[PDB]
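[1] Sequence plus experimental coordinates follow:
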Amino acid sequence: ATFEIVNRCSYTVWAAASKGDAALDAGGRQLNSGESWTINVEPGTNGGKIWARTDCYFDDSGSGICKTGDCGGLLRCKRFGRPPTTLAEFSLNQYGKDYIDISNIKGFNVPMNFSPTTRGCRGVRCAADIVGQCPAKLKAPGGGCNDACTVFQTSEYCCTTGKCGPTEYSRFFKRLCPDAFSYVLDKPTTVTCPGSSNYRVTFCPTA
């Protein structure tokens, strides 16, 4: 499948794409305001994620640090990034279907739209000012709004027993972004697309 990743924010982001144990395509790239990056993802890929990182520094050899979404200090992510990160998630060609969502389960850093560019399904978006409204206990000094599991580390917030309910914190996310996952057992906001669809991920889709 093809993903076009577009930075419509007024600030630079460093995009990242990973399946958790490997980079997708080149794994990461600087995107200045307006720039697009097209990547190819092997069919069959399960558990892929795309996210933005903010405020990064990298030396000449691809090594450094980002304030949000850092994936072990590398420009080219092989692993998933550190919260807070708004997540575009996908699994491709799973018995003829593609499944996509946006998740706030690892917090929020940048607004996002995740849309198919092919026929047969709808996109999803989380474009509210989560960071501005973020409860003080979840506000990340780095910028962003952490999830409550990351901050508090309880069985309820992390859904460790696989039995957990919604919380004041999950509800905060859900109220601003109803089409994104707010906790692990959220009623799914997953979209099913025809297998082998192509997609566009837009950061800051309104701004």
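    Nice, I can see it. Numbers count the residues shown, from 1 in each chain.

[2] Against residue 75, how distant is the residue of the chain most remote from its centre?
    Relative to the C-alpha centroid of the chain, counting by Cα atoms, centre = their mean, residue 60 is the outermost residue, at 26.4 Å. Distance from residue 60 to residue 75, counting by Cβ to Cβ, to the nearest Å: 10 Å. Any C-beta I mention is one placed from the backbone N, CA and C, and that applies to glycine too.

[3] Residue 90 now?
    For residue 90, the distance to residue 75 equals 22 Å [Cβ to Cβ].

[4] Neighbour count: those two, which is higher?
    Between residue 90 and residue 75, counted using other Cβ atoms under 10 Å, residue 90 has the larger neighbour count: 27 against 21.

[5] name the element the more buried one belongs to?
    In this assignment (DSSP states H and E), residue 90 forms part of strand 87-94.

[6] Where is the longest helix in this structure?
    Scanning the chain for the helix with the most residues, using DSSP state H, yields helix 168-176.

[7] Mind listing what's buried along that one?
    Neighbour counts over helix 168-176 (16 or more other Cβ atoms under 10 Å) mark 169-170, 172-174, 176 as buried.

[8] Distance to residue 140 for those - can I get that in JSON lines?
    Below are the buried residues of helix 168-176 laid out as JSON lines (distance: Cβ to Cβ, whole Å):
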{"residue": "169", "distance to residue 140": "14"}
{"residue": "170", "distance to residue 140": "17"}
{"residue": "172", "distance to residue 140": "15"}
{"residue": "173", "distance to residue 140": "14"}
{"residue": "174", "distance to residue 140": "19"}
{"residue": "176", "distance to residue 140": "16"}
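
[9] Which strands and helices lie in contact with the longest helix of the chain?
    helix 130-133 (3 or more Cβ pairs under 8 Å, 6 or more residues apart in numbering; DSSP states H and E).
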